[PDB]
Structures are given as structure tokens and as C-alpha cells.
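So this first bit is one chain, no partners, the form deposited in one PDB entry, shown in C-alpha cells.
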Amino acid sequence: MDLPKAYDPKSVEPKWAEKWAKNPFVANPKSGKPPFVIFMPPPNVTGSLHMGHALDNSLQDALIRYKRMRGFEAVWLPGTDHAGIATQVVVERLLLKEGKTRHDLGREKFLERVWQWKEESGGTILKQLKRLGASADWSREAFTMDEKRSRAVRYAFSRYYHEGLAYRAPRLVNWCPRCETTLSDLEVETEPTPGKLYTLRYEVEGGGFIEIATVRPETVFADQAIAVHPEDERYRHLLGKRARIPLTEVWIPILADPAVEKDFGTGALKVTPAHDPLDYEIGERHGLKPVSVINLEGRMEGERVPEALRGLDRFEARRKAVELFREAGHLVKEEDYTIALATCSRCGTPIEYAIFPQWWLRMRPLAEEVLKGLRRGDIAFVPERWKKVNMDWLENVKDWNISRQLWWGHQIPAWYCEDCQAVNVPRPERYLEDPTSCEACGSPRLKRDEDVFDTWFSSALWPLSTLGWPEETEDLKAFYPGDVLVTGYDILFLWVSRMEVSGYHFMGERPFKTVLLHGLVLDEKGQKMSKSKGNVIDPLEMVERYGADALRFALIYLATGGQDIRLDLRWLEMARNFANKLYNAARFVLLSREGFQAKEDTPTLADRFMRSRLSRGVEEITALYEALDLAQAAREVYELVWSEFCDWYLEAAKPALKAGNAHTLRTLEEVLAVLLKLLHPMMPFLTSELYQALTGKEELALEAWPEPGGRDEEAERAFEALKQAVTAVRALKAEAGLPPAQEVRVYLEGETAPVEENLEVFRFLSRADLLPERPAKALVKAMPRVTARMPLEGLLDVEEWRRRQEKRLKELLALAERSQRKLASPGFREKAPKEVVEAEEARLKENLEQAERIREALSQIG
């Protein structure tokens, strides 16, 4: 230890960080010690980490460390997700376009430049986690697209397909013409946008009118029906007729369908299964063949589509589409409208729809496999308000498009016969094998589905791929049911649920026993932090500024009840300052046991007191940990250390140490040890350094959690008396306007036994000597247990003392009032605890006793 005046994290954290880095706390399946597993949500290989991750891992670590030094096999599996679509963009964008030109460099040369990036990003994400003191079993650092993990999927899929649950069909997909790939519902965002609702109307079989309000004119040629509410007979007895469609000679049928909102626009809507979910939905509800007018390039084309219209853009198609309607006489009511435009969450551009042959996943059945457990009580949720939010998500899911046209992910394992047009999917038992001859036409000429899987598909496969489950390992046998899953609600659906499935399905069990959802950190402005919003702060920028233990402590302190966390540097200071205080407290004890000269070894009230108040702490804090409530423990320990050890104990011991009392210096050393234990999970670095310098022990991390020892009742009530006498005098001087150091003689009344026995402390702390004889005239301070009378010797600020005391009375009588009322209240005396009542009765007894004391003094004073 170097013991300067102030603590410099930079002289400490980096070394310990490296020590822990190069020598991970490797997990042992055969440890024969109860395990504790936590799967680290693998950060996306997109850039660096941000304060969000920090809160996420910092929370995890503190759990690992606690359990570890609590006696378990702390297994925390680290890893990083390739992100798929995400990373894709990142490289494609910035790096490439900016770098020079994304301009297709081949499906190969591109995959190169991506891994290169995967290295930088993946490398950085690790430094960061290391430097934040992540005690992660880096010996098992898994990467979604590493050999061992790629197998977990290629197998998982195969076992799905041949199980039926994974099919291939034309169900329509949300397609982004920017990234040229399909997305999932959860991957597409819909954000209101100013548009133009057009009401078009057209001919009818025999008669003549039908009016329709559509946001997209182009999708008319692809119409297949006019939908009309089933009960809106209203302006609807043209139900069952036909309808030339604007510009065409095509005759669509007017049908009824429950999804028609009679009150929106004209009580009837156009129908286009080939270009929209609602329509496609109703379309198949009455069986109507799909029909495209616009392709994947987002350009017009097709049967119906009119000449001269087929060609250019999808939007520059509606421009002329409208004109060719009004100026042709089919347009009627054009008007503004706030449309719920759907866009690509990761590129912006608005999606589109299309029927395409894709890989889907019968969620309906799976979801039930899971709900089976949840219902039984298999999994526990921290806020607990998420159980329902989870269960309800499953309660109504839709088959998920697993395939993707990205160049990143796992190239799905399906082979298509260039002769029989049949799919060949490796069987589970030989899953690793590549079919070579179509098991249909028996032909050799095969072709593999060059699609790719959904990043979320591999990720949902984690509490298994990290434990080598593509196989049947011992790690997996030793500790599969993770004990606590830590993550922020932002991915409760596309991450947690997904896993709960692949988990409850590929093992008859829960991937984890408890899901701990924490809030999100967000820029001071209140909005979520993410590379997306462009509002991210590198956690290291903060470590460098306040220090890693600080950052860790703030973040945990604030992660109360799954609530979010608004960025507020003030809290970082709060933390740094607390590090420094803890540090100083140690510096004191080290510099004290310096050249100490033992003159005696006598138990002191202060000693007995801190040992007791410590047992209290140890109990309380453990329980808070045993409730995953770190945020609270974080402040319960702040309290203990700062208000009970530094503010009172250390100071109370200063004298005894000058007097060469070994029993005290001993206690200081022993108590400080435990505190360094308690604080370790949150602040590992500083807390280790100190413990080393204090006990010579090299790895606090491996030490055992403290056990609550004593609990001296009287001793605590005794020392309290002292605190009061001390603070009484302190206040008296304050009010009197006397400087701190000013020597003073005062007189005590009441539970004074404590002050008398431990006189030197009282003297040292108050800077006052005791008076044998109660002074005639004097300034008075009334405490709950003791009363102080300060002789009128000297120049004193009586006005202040007066004011201050005139005000205590105002309050003391006010309390007496409340008490009186309660005691004399109906139902309180009777229907209320035989304790909370006799106490309220005692509060009154002494609220008066004090009021009188002041009153009398207050008047007595000239």
C-alpha cells in the first residue's frame, strides 16, 4: 500500500484488473461444491459497450462474487453475439460506405472485412469487461458464431425440422429493400408519419358505386375484393356484387369480413393479400389468391398493373397512379392522415410485404410447452410484474420467420434438389453430415439454402450452446438450470422468451430458475441509451474519470426495483467520494497500527458497540443479497461504513489508541476486514487492495462471506446515550456561536453513566469537560436520553440558542398533540398492537418531559 492523502484508482485497478484477466476464476464441474450459474447476455459485436452494459454486468458480477465467496461454484459464462443484421449494417455502413464504398465487394471479401471488425469489437468488449472487474470464467468465452456454437444451431434446427416444428412455405414476410432481407415483427418498428388517405370509388356489377379509402393507391391493381363489415348492412346491399377496378377491366367481389371497421373511412376497404398483413389475413379468411403488382426492388410490375405505370419506383408510382385516377374520374376525397408507417428498425427505410418461400417455426405449440412450466411456478421473476408480461407474450404468438437473406449469420443447413425440387435436411443423429444425394429423386446434384439464421434464433440457444449442448457435456450436466438470468426488459421477448422455449423444448426444463429484469440507463434527457439513439457514453470514460469501483457502485446503488436509471454524474461523484472515504478509513487503521505501542488491552464501550452494530450490518446486508436487492444493500453498507464506522467508531477510538489500547486497534482491524468483505462484490478493486494491505491475503475474492457475530443490546443503548451527550454539546456550541475547537465545560443530567465511564472520548468528541455542579443560569439542550446545561461563561449567541429552542418546543408540543389524539382515539387503544400503543404512550410521556425542560430553560434565560 502507498497510503497517499487521496485515493487514486489508477494506481490500483489496472494492476488487479490484469491479475484477474490473465488468471480467470475457472469453473470446475467436479468441484463438489454447490454451483451458481449465470449466463452473460452476449454483447453485440457492434462497436463498444456503453453504460447500459456496465449496469448489466456490474450487477451480474456482484452476484457471482457474493455467491462465490459465499461458498458456491460461481459459474459466469462470458461471450459475445455476432448480432447478424446489426453488425451487418455497422460494417456495411460506416466502415465501408464511409471508408470508401460498400459497393458490393463480393459475398466473400465482405465476410472477411466483417470478421476483421468482429475482432476489434469483440476484443474491445472484453478489455472493457475486464477493466470493470468482471470475474467471468473467460476460459469458456463463447461466441455465437464459433465452431462450438454454430453446431448448437445447425443441430437445433435439424432436430426442429425433422420434428415438424420447423417448416418452409410462402407465408408473407416483412421485407426491407435496403438491407435486402426479411425481418421479424419484433425487428420492425412502426412510427406515425404524415401521409395522405385517398378515397377512390368504382363501378359495380350492373349498378354503379363503391367507395374505398386507401393509403396506397398503387396496391389497387393487386386487389382481390372489397371488404365490408358483416353487420354494416348500412350503405351495404351492394354486398355480393362485383367491381371494375380503376383503370382495369378486372372484376373484384364485394365481401363481408369481421375485420372491416365500419366507422373508418367508407365502411369498406380494398383487399390486397400480396401486399399487406391485414388483407392477406382476410384474404385467406375467404381464400383469395395473392397477386403482386410491386416486386422486392420496390418497383411496379405485374398482370393487372397498367401500361406506362409498370416501371419506376413504388412511391413515384402512386404520384402518377393518383393523377391517372382523379384526372380519369375515380378519385374523390384526398386528405391528410397520420399513418402508422412500418420501418426497418435497423436502417430506417419503411418495410414492405411479400409472399416468399421461407423458414418458419410453429411457435403456437412451443409456446405452450413453456407456459406449462411458468404456470406451474418453474420460473421466478424479480419485479414479478413481468411474469404476466412474459406469459401473455407467449399466450398469443405467431410462427416466426427464422430465415434471413443476410450475409452474416449461420448459413442454414438445408439442401434443395435441382431435380426433384426437394429439401434435404441432415437428420439429428447425423446432424453434422451434409446430404450428398436427394432422399427424394435420389439425385446427387444438390444445392444448399444460402439463406442464414436470425441472430435471435442462435441467441435463444445460449443456456445450452455455452455448455456444449450441441452435444451432451459434463458442464451441461453439472450446471444447466442457470440460477439467475440477468438482463434488461428491453429483450424480454426476443431474448428471454426465445430461450425459455429452446430450453423447455430441447430439455424438459427451465433454462434458468430466476429471471432478474433490471431497468435501462438513459441519457439525462430520459431516453434509452443505445448506439441507435447515438446517445451512448463509454463506461471507460467514466472509470477514467471517477474510477471503476465508483461506476460499479453508482449503477448498482441506482438499480432499485427494476426501475430505469437516468444518467446523473452527481451519482458518480457520490460513489467516487465513498470510495475515498472507505479508503481513508483504511489509511487511518493502517497508519495507526503503524508503530503502535500497546499499553493495555481493555474492552471499550466503543469497541463493544461497533462489533454489535456490525453483526447487525452483516445480517441485514446478506439478506438483501439473498433477495437480489443489491441497490438497497449498496446504501445499507454506505450507511454502515460512513455513519457508524467513520463518523462514530473511528473517532471514538482515537483516544483509546493514543492511550495505546490494543483491544481497540484490534477491533478496528477486525471490523475493517468484514466491511471490506461486504463491500467487495460492488467495489472489488479498492476493496481487494485494502484487504491485502490489511491482512496480507492475496485474494479477498476467494475469502468467505462474513457470519454475523455478536449483538450487544445494552452496549448499543449505552453508546447511543453517549452520541446524544456528544451531539448535545456540539449543537450547544453551534448555536452559542462558539468555534469548534473552543474548550468548554458543560453539565449533564440523565443517562450519563456512559459519558462518565468513557470520559476521555466524550471530552475528545465534544471538546468539553464535565461540571460536577449543575450551573445556576445556563444554556440548555434537551436530548431524548440526556440533557446538557452550559454555564453562561463567555460571549454567547443567546438569540440563536433562544430561536432554536423556541422552535424545539413548537415541535415537542406538536408531537404531544399527535400522540394525545392517537391515544385518545377510537379503535387505536383497542384494535392496535399491544406495542405500537404502549410506545405511543411513552412518546407522549417524554415529549412533555422534554418540552418542560426547554420551556423552563427558555424562560429562565433572561
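The first residue of the sequence shown is number 1, and the count goes up from there. Whichever C-alpha set is largest while still superposing within 1.5 Å between the two forms counts as the rigid core. Shifts are known only where both forms have a C-alpha.
The deposited model assigns a higher average Cα B-factor to 96 to 104 than to the other stretch when 96 to 104 and 373 to 381 are compared. Judged by mean Cα B factor in the deposited record, 260 to 268 ranks above the other of 136 to 144 and 260 to 268.
Taking only the listed residues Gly195, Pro277, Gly122, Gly737, the entry reports the highest CA temperature factor at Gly195. In the PDB entry, the Cα temperature factor peaks, among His50, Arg808, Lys67, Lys834, at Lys834. For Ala721, the recorded CA B-factor ranks within the middle third of the chain. Only modelled residues enter the ranking. In the PDB entry, a CA B factor belonging to the highest third of its chain's modelled residues is recorded for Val305. Sort the chain's modelled residues by C-alpha temperature factor and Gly562 lands in the lowest third, per the entry. For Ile854, the recorded CA B-factor ranks within the lowest third of the chain. Only modelled residues enter the ranking.
Sort the modelled residues of the chain by CA B factor and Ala62 lands in the lowest third.
Another form, the form deposited in another entry, is not on view; read the next lines as being about it.
Only one of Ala225, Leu96, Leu522, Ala86 has its C-alpha shifted by 2 Å or more between this form and the one not shown once the core is superposed, and that residue is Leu96. Relative to what is shown, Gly99 and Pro42 are farther apart in the other entry; their C-alpha atoms differ in spacing by at least 3 Å. The Cα-Cα distance between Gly47 and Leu95 is lengthened by 3 Å or more in the other entry relative to the form shown here.
Once the rigid core is aligned, the segment that moves between this form and the one not shown, defined as three or more consecutive common residues whose C-alpha shifts all reach 2 Å, runs 94 to 104 and is the only one.
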